[PDB]
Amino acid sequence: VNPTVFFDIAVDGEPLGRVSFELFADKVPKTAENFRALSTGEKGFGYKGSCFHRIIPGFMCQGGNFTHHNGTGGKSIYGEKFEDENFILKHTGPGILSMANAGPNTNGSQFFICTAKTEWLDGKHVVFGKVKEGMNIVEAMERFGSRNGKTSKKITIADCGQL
């Protein structure tokens, strides 16, 4: 059974509301599990307090970075990086949850929430979940972005976990 997770989103420290995601563990269990564990924080680190640092209206919201010892960009629960598990799932429309990377097999913690169909990224980014409720929150976040990705207010994950 696919796990559900939630982010409680804030804008300049003010809670806006909740977004929940279905994680497609039935298709990419390793990638889903990394995201789940970083959402609950059960390994001692994860998305809580993290921020959406690059938001491009019409495209997507990217976050999941946090500082760690011995490098940069985030770490996964399996190490500094892990393999592209598979590319079964495509970027089919708004709400899609998919992994940011720095090329092949460099998955960590960073991810993005699509606000459009992003077909050009199929085969290069592992899709692994989808917004379940609170797309209105993601649409509200999206307005705080810009063409170059800079946000006009600070968008954070005030809290997160599993439902």
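Sequential numbering from 1, following the sequence displayed.
When 69-77 is weighed against 88-96, 69-77 comes out higher, by mean CA B-factor as recorded in the entry. Taking the mean C-alpha B-factor of each stretch as recorded, 21-29 and 6-14 are not equal, and the higher mean is that of 6-14. As recorded in the PDB entry, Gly44 shows the highest C-alpha B-factor of the residues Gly129, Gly103, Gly44, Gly108. Sort the modelled residues of the chain by CA B factor and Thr118 lands in the lowest third. Ranked by Cα temperature factor within the chain, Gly63 sits in the lowest third according to the deposited record. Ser39 sits in the lowest third of its chain by CA B factor, as recorded in the PDB entry.
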